[PDB]
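Visitor: Quick one, structure_36.pdb (PDB, C-alpha atoms):
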```pdb
ATOM      1  CA  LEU A 634      36.883 -10.802  88.121
ATOM      2  CA  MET A 635      34.878  -8.750  85.641
ATOM      3  CA  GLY A 636      38.022  -8.755  83.484
ATOM      4  CA  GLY A 637      40.925  -6.470  82.720
ATOM      5  CA  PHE A 638      43.990  -5.181  84.496
ATOM      6  CA  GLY A 639      44.136  -5.071  88.283
ATOM      7  CA  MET A 640      46.231  -2.264  89.704
ATOM      8  CA  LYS A 641      47.176  -1.069  93.156
ATOM      9  CA  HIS A 642      47.340   2.448  91.685
ATOM     10  CA  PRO A 643      44.930   2.599  88.756
ATOM     11  CA  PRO A 644      44.255   5.682  86.645
ATOM     12  CA  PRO A 645      43.163   8.248  89.215
ATOM     13  CA  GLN A 646      39.685   9.631  89.600
ATOM     14  CA  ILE A 647      39.123  12.932  87.821
ATOM     15  CA  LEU A 648      36.559  15.056  89.630
ATOM     16  CA  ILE A 649      34.839  18.096  88.173
ATOM     17  CA  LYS A 650      32.285  20.549  89.493
ATOM     18  CA  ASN A 651      30.688  23.837  88.550
ATOM     19  CA  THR A 652      31.575  26.312  91.226
ATOM     20  CA  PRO A 653      28.423  27.727  92.831
ATOM     21  CA  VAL A 654      27.550  31.277  91.863
ATOM     22  CA  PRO A 655      25.234  32.937  94.391
ATOM     23  CA  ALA A 656      22.184  34.860  93.352
ATOM     24  CA  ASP A 657      21.702  38.323  94.824
ATOM     25  CA  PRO A 658      22.166  38.201  98.613
ATOM     26  CA  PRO A 659      20.038  40.308 100.957
ATOM     27  CA  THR A 660      21.256  43.747 101.918
ATOM     28  CA  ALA A 661      21.176  43.002 105.650
ATOM     29  CA  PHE A 662      23.621  40.438 106.961
ATOM     30  CA  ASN A 663      22.409  36.911 107.605
ATOM     31  CA  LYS A 664      24.633  34.137 108.924
ATOM     32  CA  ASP A 665      22.848  31.301 107.116
ATOM     33  CA  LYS A 666      24.617  29.691 104.206
ATOM     34  CA  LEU A 667      23.343  30.904 100.864
ATOM     35  CA  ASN A 668      20.783  28.554  99.332
ATOM     36  CA  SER A 669      20.008  30.765  96.309
ATOM     37  CA  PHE A 670      22.183  30.312  93.238
ATOM     38  CA  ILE A 671      22.298  31.162  89.570
ATOM     39  CA  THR A 672      21.243  28.206  87.432
ATOM     40  CA  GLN A 673      24.290  27.111  85.567
ATOM     41  CA  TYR A 674      25.979  24.333  83.615
ATOM     42  CA  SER A 675      29.188  23.780  81.698
ATOM     43  CA  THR A 676      30.385  22.024  78.558
ATOM     44  CA  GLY A 677      33.692  21.308  76.916
ATOM     45  CA  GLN A 678      35.952  18.716  75.373
ATOM     46  CA  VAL A 679      37.942  15.854  76.864
ATOM     47  CA  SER A 680      40.956  14.166  75.342
ATOM     48  CA  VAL A 681      42.210  10.821  76.608
ATOM     49  CA  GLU A 682      45.403   9.393  75.130
ATOM     50  CA  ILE A 683      46.507   5.887  76.107
ATOM     51  CA  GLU A 684      49.657   4.165  74.920
ATOM     52  CA  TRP A 685      49.241   0.398  74.655
ATOM     53  CA  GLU A 686      52.042  -2.158  74.476
ATOM     54  CA  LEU A 687      51.589  -5.077  72.096
ATOM     55  CA  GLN A 688      52.758  -8.681  72.172
ATOM     56  CA  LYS A 689      53.087 -10.114  68.668
ATOM     57  CA  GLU A 690      52.142 -13.598  67.491
ATOM     58  CA  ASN A 691      55.167 -15.864  67.005
ATOM     59  CA  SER A 692      53.182 -18.945  65.941
ATOM     60  CA  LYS A 693      54.448 -21.766  63.705
ATOM     61  CA  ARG A 694      50.904 -23.019  63.047
ATOM     62  CA  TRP A 695      50.552 -24.184  59.451
ATOM     63  CA  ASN A 696      46.831 -23.857  58.875
ATOM     64  CA  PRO A 697      44.993 -20.518  58.856
ATOM     65  CA  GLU A 698      43.412 -19.315  62.082
ATOM     66  CA  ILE A 699      40.115 -17.986  63.347
ATOM     67  CA  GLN A 700      39.872 -14.211  63.029
ATOM     68  CA  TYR A 701      37.138 -11.738  63.811
ATOM     69  CA  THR A 702      35.305 -10.696  60.636
ATOM     70  CA  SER A 703      32.381  -8.803  59.298
ATOM     71  CA  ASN A 704      29.964 -10.898  57.283
ATOM     72  CA  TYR A 705      29.572  -9.954  53.617
ATOM     73  CA  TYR A 706      25.849 -10.727  53.351
ATOM     74  CA  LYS A 707      23.519  -7.830  52.637
ATOM     75  CA  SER A 708      21.825  -6.136  55.545
ATOM     76  CA  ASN A 709      19.733  -3.027  56.123
ATOM     77  CA  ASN A 710      22.408  -1.484  58.315
ATOM     78  CA  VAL A 711      26.161  -1.659  58.584
ATOM     79  CA  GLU A 712      27.333  -3.254  61.813
ATOM     80  CA  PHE A 713      29.075  -0.802  64.147
ATOM     81  CA  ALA A 714      27.713   2.116  62.156
ATOM     82  CA  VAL A 715      25.115   4.792  62.592
ATOM     83  CA  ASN A 716      21.392   4.182  62.186
ATOM     84  CA  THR A 717      19.045   5.797  59.701
ATOM     85  CA  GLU A 718      17.961   7.900  62.698
ATOM     86  CA  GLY A 719      21.520   8.664  63.717
ATOM     87  CA  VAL A 720      21.812   6.072  66.477
ATOM     88  CA  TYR A 721      25.140   4.323  66.823
ATOM     89  CA  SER A 722      24.929   0.758  68.049
ATOM     90  CA  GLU A 723      27.253  -2.105  68.858
ATOM     91  CA  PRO A 724      25.593  -5.278  67.563
ATOM     92  CA  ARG A 725      27.742  -7.910  69.273
ATOM     93  CA  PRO A 726      30.154  -8.297  72.143
ATOM     94  CA  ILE A 727      33.694  -8.780  70.843
ATOM     95  CA  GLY A 728      36.290 -10.620  72.900
ATOM     96  CA  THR A 729      40.006 -10.736  72.325
ATOM     97  CA  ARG A 730      40.608 -14.448  71.786
ATOM     98  CA  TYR A 731      40.983 -15.548  68.164
ATOM     99  CA  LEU A 732      44.641 -16.366  67.663
ATOM    100  CA  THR A 733      45.904 -19.567  69.246
ATOM    101  CA  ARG A 734      48.872 -20.752  71.274
ATOM    102  CA  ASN A 735      50.155 -24.101  72.391
ATOM    103  CA  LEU A 736      49.461 -24.958  75.983
TER     104      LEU A 736
ATOM    105  CA  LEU B 634      46.154 -12.076  32.405
ATOM    106  CA  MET B 635      46.288 -15.167  34.597
ATOM    107  CA  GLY B 636      47.361 -12.820  37.403
ATOM    108  CA  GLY B 637      50.546 -11.723  39.102
ATOM    109  CA  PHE B 638      53.567  -9.630  38.263
ATOM    110  CA  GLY B 639      54.606  -9.082  34.658
ATOM    111  CA  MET B 640      58.325  -8.658  34.131
ATOM    112  CA  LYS B 641      60.592  -8.069  31.173
ATOM    113  CA  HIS B 642      63.268 -10.008  33.081
ATOM    114  CA  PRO B 643      61.510 -12.475  35.369
ATOM    115  CA  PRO B 644      63.255 -14.962  37.644
ATOM    116  CA  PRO B 645      65.441 -16.921  35.243
ATOM    117  CA  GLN B 646      64.942 -20.515  34.245
ATOM    118  CA  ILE B 647      67.002 -22.982  36.256
ATOM    119  CA  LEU B 648      67.906 -26.029  34.190
ATOM    120  CA  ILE B 649      69.243 -29.282  35.588
ATOM    121  CA  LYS B 650      70.314 -32.558  34.040
ATOM    122  CA  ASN B 651      72.038 -35.776  35.003
ATOM    123  CA  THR B 652      75.165 -36.020  32.944
ATOM    124  CA  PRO B 653      75.136 -39.203  30.850
ATOM    125  CA  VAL B 654      77.436 -41.961  32.038
ATOM    126  CA  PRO B 655      78.244 -44.458  29.277
ATOM    127  CA  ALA B 656      78.079 -48.167  29.821
ATOM    128  CA  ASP B 657      81.066 -50.238  28.734
ATOM    129  CA  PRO B 658      82.071 -49.300  25.171
ATOM    130  CA  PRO B 659      83.302 -51.905  22.690
ATOM    131  CA  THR B 660      87.004 -52.611  22.484
ATOM    132  CA  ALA B 661      87.204 -51.799  18.771
ATOM    133  CA  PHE B 662      86.594 -48.216  17.743
ATOM    134  CA  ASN B 663      83.193 -47.251  16.389
ATOM    135  CA  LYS B 664      82.299 -43.739  15.274
ATOM    136  CA  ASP B 665      78.621 -43.937  16.243
ATOM    137  CA  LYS B 666      77.493 -41.971  19.251
ATOM    138  CA  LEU B 667      77.094 -44.114  22.336
ATOM    139  CA  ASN B 668      73.498 -45.184  22.921
ATOM    140  CA  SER B 669      74.255 -47.405  25.941
ATOM    141  CA  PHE B 670      74.260 -45.742  29.347
ATOM    142  CA  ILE B 671      74.179 -46.572  33.020
ATOM    143  CA  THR B 672      70.691 -46.141  34.461
ATOM    144  CA  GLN B 673      70.874 -43.252  36.823
ATOM    145  CA  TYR B 674      68.953 -40.603  38.739
ATOM    146  CA  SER B 675      69.658 -37.875  41.258
ATOM    147  CA  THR B 676      68.068 -36.338  44.337
ATOM    148  CA  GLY B 677      68.748 -33.405  46.593
ATOM    149  CA  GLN B 678      67.363 -30.328  48.270
ATOM    150  CA  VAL B 679      66.317 -26.941  46.925
ATOM    151  CA  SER B 680      66.068 -23.718  48.872
ATOM    152  CA  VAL B 681      64.200 -20.714  47.512
ATOM    153  CA  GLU B 682      64.269 -17.474  49.491
ATOM    154  CA  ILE B 683      62.122 -14.547  48.355
ATOM    155  CA  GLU B 684      61.990 -11.147  50.005
ATOM    156  CA  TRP B 685      58.579  -9.508  49.681
ATOM    157  CA  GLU B 686      57.810  -5.823  50.174
ATOM    158  CA  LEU B 687      54.598  -4.940  51.991
ATOM    159  CA  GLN B 688      52.197  -2.021  51.725
ATOM    160  CA  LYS B 689      50.357  -1.427  54.997
ATOM    161  CA  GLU B 690      46.706  -0.497  55.467
ATOM    162  CA  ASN B 691      46.220   3.181  56.344
ATOM    163  CA  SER B 692      42.409   3.041  56.516
ATOM    164  CA  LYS B 693      40.176   5.324  58.603
ATOM    165  CA  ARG B 694      37.203   2.956  58.259
ATOM    166  CA  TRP B 695      35.224   2.826  61.497
ATOM    167  CA  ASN B 696      33.500  -0.526  61.236
ATOM    168  CA  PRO B 697      35.359  -3.853  61.257
ATOM    169  CA  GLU B 698      36.315  -5.405  57.935
ATOM    170  CA  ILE B 699      36.063  -8.705  56.125
ATOM    171  CA  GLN B 700      39.016 -10.974  56.858
ATOM    172  CA  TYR B 701      39.889 -14.480  55.791
ATOM    173  CA  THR B 702      39.106 -16.976  58.563
ATOM    174  CA  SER B 703      38.912 -20.602  59.422
ATOM    175  CA  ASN B 704      35.488 -21.752  60.538
ATOM    176  CA  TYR B 705      35.232 -23.056  64.104
ATOM    177  CA  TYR B 706      32.660 -25.780  63.402
ATOM    178  CA  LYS B 707      33.743 -29.370  63.925
ATOM    179  CA  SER B 708      34.979 -31.318  60.946
ATOM    180  CA  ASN B 709      36.658 -34.657  60.304
ATOM    181  CA  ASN B 710      39.791 -32.973  59.006
ATOM    182  CA  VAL B 711      41.588 -29.715  59.590
ATOM    183  CA  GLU B 712      41.591 -27.467  56.541
ATOM    184  CA  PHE B 713      45.048 -27.030  55.007
ATOM    185  CA  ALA B 714      46.338 -29.987  56.988
ATOM    186  CA  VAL B 715      47.369 -33.534  56.310
ATOM    187  CA  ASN B 716      44.902 -36.364  55.764
ATOM    188  CA  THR B 717      44.499 -39.507  57.825
ATOM    189  CA  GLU B 718      46.401 -41.155  54.955
ATOM    190  CA  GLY B 719      49.057 -38.465  54.892
ATOM    191  CA  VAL B 720      47.678 -36.477  51.965
ATOM    192  CA  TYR B 721      47.967 -32.719  52.176
ATOM    193  CA  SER B 722      45.171 -30.824  50.487
ATOM    194  CA  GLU B 723      44.134 -27.247  49.876
ATOM    195  CA  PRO B 724      40.358 -27.094  50.335
ATOM    196  CA  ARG B 725      39.635 -23.669  48.844
ATOM    197  CA  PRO B 726      41.183 -21.082  46.583
ATOM    198  CA  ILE B 727      42.254 -18.037  48.592
ATOM    199  CA  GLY B 728      42.495 -14.621  46.971
ATOM    200  CA  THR B 729      44.128 -11.534  48.369
ATOM    201  CA  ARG B 730      41.209  -9.109  48.553
ATOM    202  CA  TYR B 731      39.643  -8.671  51.992
ATOM    203  CA  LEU B 732      40.678  -5.246  53.214
ATOM    204  CA  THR B 733      39.008  -2.271  51.568
ATOM    205  CA  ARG B 734      39.974   1.100  50.146
ATOM    206  CA  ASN B 735      38.082   4.111  48.935
ATOM    207  CA  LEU B 736      37.849   4.453  45.201
TER     208      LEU B 736
END
```
Transcribe the structure of this file into C-alpha cells.

Guide:
Amino acid sequence: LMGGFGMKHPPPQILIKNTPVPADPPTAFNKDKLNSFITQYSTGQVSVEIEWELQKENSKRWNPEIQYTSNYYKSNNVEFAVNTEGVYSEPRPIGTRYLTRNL
Amino acid sequence: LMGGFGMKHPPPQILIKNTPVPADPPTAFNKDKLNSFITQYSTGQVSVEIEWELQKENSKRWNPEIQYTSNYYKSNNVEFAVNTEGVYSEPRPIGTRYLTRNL
C-alpha cells in the first residue's frame, strides 16, 4: 500500500555484526559471561547491483506529452545537487507517471 | 545558414505535370501550335520514407535535465491538435536543444 513491488520472497535481509573481542580476562576462572570488551567498530564498502526490466512506450498519440523537467530559471542552487556547505538535498518528490496510455 | 544539413547532392527535385490534352482540332491543317486544351487536373497520394540515424546521450550528469514538455494546465484546445473547426495548428516553434553536453 505504500507503493512498489509485493513479493512472497523479497530481497533477503543482510545482517552484519562486529564480533565481540574480550578485554583481558581475570587470571582465576569465573563462570560469568564476559562483560568487558575492547571498544571497536568497522567500516567498508557496499555494492548493490540491480537489473531492471523496461516496458517501452508504444503510443500513437499525436501531440507532445508531459515529461519531467528541470526549470531553466536562475536559482542560487542546482536542484538535486550539493549545497554550498556540501549538503545534498532532494527538492521535490518525483513520481513515475508522465507518459500516457489509453484506458 | 537557415539551418539543417548542407549537401552537394541533396534529395533531388521531383517534377510533375499533367500532360496537355488537346481539345478538338480543326479539320483543315494549321501549322500553329494548339492553344485549345481540355481543362484537367490530377490528384493522388505521395509517400516519403526517411531513415534517420540517431546519436544517443552518454551523459554522466547527476541532476535532471531540461526536456520539452506539454503544460498540464487546462486550455480550450490541445496544443498540436485540431481546432473545433478542424484547423490544425502548431502553437510554438520547437528546437532540438534540451539535453546538455560538456564543452

Visitor: For chain B, which residues have at least one atom within 6 Å of chain A, if we go by all atoms listed in the file? Write them as a list in words, please.

Guide: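 That gives residues 696, 698, 699, 700, 702, 703 and 713 of chain B for chain B.
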
Visitor: Report the distance between atom CA of residue 674 of chain A and atom CA of residue 651 of chain A in Å, rounded to one decimal place.

Guide: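 Atom-to-atom, atom CA of residue 674 of chain A and atom CA of residue 651 of chain A are spaced 6.8 Å apart.
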
Visitor: I'd like the neighbourhood of segment 675-680 of chain B as a PDB file with C-alpha atoms, in the frame of the given file, where a residue qualifies if any of its atoms comes within 12 Å (using all atoms listed in the file), though same-chain residues fewer than 4 positions away should be ignored.

Guide:
```
ATOM      1  CA  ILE B 647      67.002 -22.982  36.256  1.00  0.00           C
ATOM      2  CA  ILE B 649      69.243 -29.282  35.588  1.00  0.00           C
ATOM      3  CA  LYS B 650      70.314 -32.558  34.040  1.00  0.00           C
ATOM      4  CA  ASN B 651      72.038 -35.776  35.003  1.00  0.00           C
ATOM      5  CA  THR B 652      75.165 -36.020  32.944  1.00  0.00           C
ATOM      6  CA  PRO B 653      75.136 -39.203  30.850  1.00  0.00           C
TER       7      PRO B 653
END
```

Visitor: Please provide chain A as a PDB file with C-alpha atoms, in the coordinates of the input, once it has been superposed on chain B by least squares across all sequentially paired Cα atoms.

Guide:
```pdb
ATOM      1  CA  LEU A 634      46.154 -12.076  32.405  1.00  0.00           C
ATOM      2  CA  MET A 635      46.288 -15.168  34.597  1.00  0.00           C
ATOM      3  CA  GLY A 636      47.362 -12.820  37.403  1.00  0.00           C
ATOM      4  CA  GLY A 637      50.546 -11.723  39.103  1.00  0.00           C
ATOM      5  CA  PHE A 638      53.567  -9.630  38.263  1.00  0.00           C
ATOM      6  CA  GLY A 639      54.606  -9.082  34.658  1.00  0.00           C
ATOM      7  CA  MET A 640      58.325  -8.658  34.131  1.00  0.00           C
ATOM      8  CA  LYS A 641      60.592  -8.069  31.173  1.00  0.00           C
ATOM      9  CA  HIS A 642      63.268 -10.008  33.081  1.00  0.00           C
ATOM     10  CA  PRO A 643      61.510 -12.475  35.369  1.00  0.00           C
ATOM     11  CA  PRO A 644      63.256 -14.963  37.644  1.00  0.00           C
ATOM     12  CA  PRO A 645      65.442 -16.921  35.243  1.00  0.00           C
ATOM     13  CA  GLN A 646      64.941 -20.514  34.246  1.00  0.00           C
ATOM     14  CA  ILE A 647      67.002 -22.983  36.255  1.00  0.00           C
ATOM     15  CA  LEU A 648      67.906 -26.029  34.191  1.00  0.00           C
ATOM     16  CA  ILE A 649      69.243 -29.281  35.589  1.00  0.00           C
ATOM     17  CA  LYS A 650      70.314 -32.558  34.040  1.00  0.00           C
ATOM     18  CA  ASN A 651      72.038 -35.776  35.003  1.00  0.00           C
ATOM     19  CA  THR A 652      75.165 -36.021  32.944  1.00  0.00           C
ATOM     20  CA  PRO A 653      75.136 -39.203  30.850  1.00  0.00           C
ATOM     21  CA  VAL A 654      77.436 -41.960  32.037  1.00  0.00           C
ATOM     22  CA  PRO A 655      78.243 -44.458  29.277  1.00  0.00           C
ATOM     23  CA  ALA A 656      78.079 -48.167  29.821  1.00  0.00           C
ATOM     24  CA  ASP A 657      81.066 -50.239  28.734  1.00  0.00           C
ATOM     25  CA  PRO A 658      82.071 -49.300  25.171  1.00  0.00           C
ATOM     26  CA  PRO A 659      83.303 -51.905  22.689  1.00  0.00           C
ATOM     27  CA  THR A 660      87.003 -52.611  22.485  1.00  0.00           C
ATOM     28  CA  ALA A 661      87.204 -51.799  18.771  1.00  0.00           C
ATOM     29  CA  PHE A 662      86.593 -48.216  17.743  1.00  0.00           C
ATOM     30  CA  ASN A 663      83.193 -47.251  16.389  1.00  0.00           C
ATOM     31  CA  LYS A 664      82.298 -43.739  15.275  1.00  0.00           C
ATOM     32  CA  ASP A 665      78.621 -43.938  16.243  1.00  0.00           C
ATOM     33  CA  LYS A 666      77.493 -41.972  19.252  1.00  0.00           C
ATOM     34  CA  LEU A 667      77.095 -44.114  22.336  1.00  0.00           C
ATOM     35  CA  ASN A 668      73.498 -45.184  22.921  1.00  0.00           C
ATOM     36  CA  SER A 669      74.256 -47.405  25.942  1.00  0.00           C
ATOM     37  CA  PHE A 670      74.259 -45.742  29.348  1.00  0.00           C
ATOM     38  CA  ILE A 671      74.179 -46.573  33.021  1.00  0.00           C
ATOM     39  CA  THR A 672      70.691 -46.141  34.460  1.00  0.00           C
ATOM     40  CA  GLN A 673      70.874 -43.251  36.822  1.00  0.00           C
ATOM     41  CA  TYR A 674      68.953 -40.602  38.739  1.00  0.00           C
ATOM     42  CA  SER A 675      69.657 -37.875  41.258  1.00  0.00           C
ATOM     43  CA  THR A 676      68.068 -36.338  44.337  1.00  0.00           C
ATOM     44  CA  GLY A 677      68.749 -33.406  46.593  1.00  0.00           C
ATOM     45  CA  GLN A 678      67.363 -30.328  48.270  1.00  0.00           C
ATOM     46  CA  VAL A 679      66.318 -26.941  46.925  1.00  0.00           C
ATOM     47  CA  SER A 680      66.069 -23.717  48.872  1.00  0.00           C
ATOM     48  CA  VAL A 681      64.200 -20.714  47.512  1.00  0.00           C
ATOM     49  CA  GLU A 682      64.268 -17.474  49.491  1.00  0.00           C
ATOM     50  CA  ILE A 683      62.122 -14.547  48.354  1.00  0.00           C
ATOM     51  CA  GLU A 684      61.991 -11.148  50.006  1.00  0.00           C
ATOM     52  CA  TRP A 685      58.579  -9.507  49.682  1.00  0.00           C
ATOM     53  CA  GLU A 686      57.810  -5.823  50.174  1.00  0.00           C
ATOM     54  CA  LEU A 687      54.599  -4.939  51.990  1.00  0.00           C
ATOM     55  CA  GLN A 688      52.196  -2.021  51.725  1.00  0.00           C
ATOM     56  CA  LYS A 689      50.357  -1.427  54.997  1.00  0.00           C
ATOM     57  CA  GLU A 690      46.706  -0.497  55.467  1.00  0.00           C
ATOM     58  CA  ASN A 691      46.220   3.180  56.344  1.00  0.00           C
ATOM     59  CA  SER A 692      42.410   3.041  56.516  1.00  0.00           C
ATOM     60  CA  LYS A 693      40.175   5.324  58.604  1.00  0.00           C
ATOM     61  CA  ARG A 694      37.202   2.956  58.259  1.00  0.00           C
ATOM     62  CA  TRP A 695      35.224   2.826  61.497  1.00  0.00           C
ATOM     63  CA  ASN A 696      33.499  -0.526  61.235  1.00  0.00           C
ATOM     64  CA  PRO A 697      35.359  -3.853  61.257  1.00  0.00           C
ATOM     65  CA  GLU A 698      36.315  -5.404  57.935  1.00  0.00           C
ATOM     66  CA  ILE A 699      36.063  -8.704  56.124  1.00  0.00           C
ATOM     67  CA  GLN A 700      39.016 -10.973  56.859  1.00  0.00           C
ATOM     68  CA  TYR A 701      39.889 -14.480  55.791  1.00  0.00           C
ATOM     69  CA  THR A 702      39.107 -16.976  58.563  1.00  0.00           C
ATOM     70  CA  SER A 703      38.911 -20.602  59.421  1.00  0.00           C
ATOM     71  CA  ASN A 704      35.488 -21.752  60.538  1.00  0.00           C
ATOM     72  CA  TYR A 705      35.232 -23.056  64.104  1.00  0.00           C
ATOM     73  CA  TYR A 706      32.661 -25.780  63.402  1.00  0.00           C
ATOM     74  CA  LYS A 707      33.744 -29.370  63.924  1.00  0.00           C
ATOM     75  CA  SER A 708      34.980 -31.318  60.946  1.00  0.00           C
ATOM     76  CA  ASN A 709      36.658 -34.657  60.304  1.00  0.00           C
ATOM     77  CA  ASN A 710      39.791 -32.973  59.005  1.00  0.00           C
ATOM     78  CA  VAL A 711      41.588 -29.715  59.590  1.00  0.00           C
ATOM     79  CA  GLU A 712      41.590 -27.467  56.542  1.00  0.00           C
ATOM     80  CA  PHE A 713      45.047 -27.030  55.007  1.00  0.00           C
ATOM     81  CA  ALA A 714      46.339 -29.988  56.987  1.00  0.00           C
ATOM     82  CA  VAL A 715      47.369 -33.534  56.310  1.00  0.00           C
ATOM     83  CA  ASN A 716      44.901 -36.364  55.764  1.00  0.00           C
ATOM     84  CA  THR A 717      44.498 -39.507  57.826  1.00  0.00           C
ATOM     85  CA  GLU A 718      46.401 -41.155  54.954  1.00  0.00           C
ATOM     86  CA  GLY A 719      49.057 -38.466  54.891  1.00  0.00           C
ATOM     87  CA  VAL A 720      47.679 -36.478  51.964  1.00  0.00           C
ATOM     88  CA  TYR A 721      47.967 -32.719  52.175  1.00  0.00           C
ATOM     89  CA  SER A 722      45.171 -30.825  50.486  1.00  0.00           C
ATOM     90  CA  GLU A 723      44.135 -27.246  49.876  1.00  0.00           C
ATOM     91  CA  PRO A 724      40.358 -27.094  50.335  1.00  0.00           C
ATOM     92  CA  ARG A 725      39.634 -23.670  48.844  1.00  0.00           C
ATOM     93  CA  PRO A 726      41.183 -21.083  46.583  1.00  0.00           C
ATOM     94  CA  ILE A 727      42.254 -18.038  48.592  1.00  0.00           C
ATOM     95  CA  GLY A 728      42.495 -14.621  46.972  1.00  0.00           C
ATOM     96  CA  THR A 729      44.128 -11.534  48.370  1.00  0.00           C
ATOM     97  CA  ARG A 730      41.209  -9.109  48.552  1.00  0.00           C
ATOM     98  CA  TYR A 731      39.643  -8.671  51.991  1.00  0.00           C
ATOM     99  CA  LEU A 732      40.678  -5.245  53.214  1.00  0.00           C
ATOM    100  CA  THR A 733      39.007  -2.271  51.569  1.00  0.00           C
ATOM    101  CA  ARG A 734      39.974   1.101  50.146  1.00  0.00           C
ATOM    102  CA  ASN A 735      38.082   4.111  48.935  1.00  0.00           C
ATOM    103  CA  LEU A 736      37.848   4.453  45.201  1.00  0.00           C
TER     104      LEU A 736
END
```

Visitor: What is the distance between atom CA of residue 648 of chain B and atom CA of residue 673 of chain B, in Å to one decimal?

Guide: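 Distance between the two atoms: 17.7 Å.
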
Visitor: So for segment 645-664 of chain A, what box centre and size do we get, axis-aligned, 5 Å extra on each of the six sides, every listed atom, Å to one decimal, as lines of an AutoDock Vina configuration file?

Guide:
```
center_x = 31.6
center_y = 26.0
center_z = 98.4
size_x = 33.1
size_y = 45.5
size_z = 31.1
```

Visitor: Evaluate the PyMOL selection byres ((chain B and resi 668) around 12) here and jot the selected residues down as a ChimeraX atom specification.

Guide: /B:653-659,663-667,669-672

Visitor: One decimal, Å: what's the distance from atom CA of residue 693 of chain B over to atom CA of residue 735 of chain B, could you say?

Guide: 10.0 Å

Visitor: Translate the PyMOL selection byres ((chain A and resi 689) around 12) into a concrete residue list for this structure, as an MDAnalysis selection string.

Guide: chainID A and resid 686:688 690:692 732:734
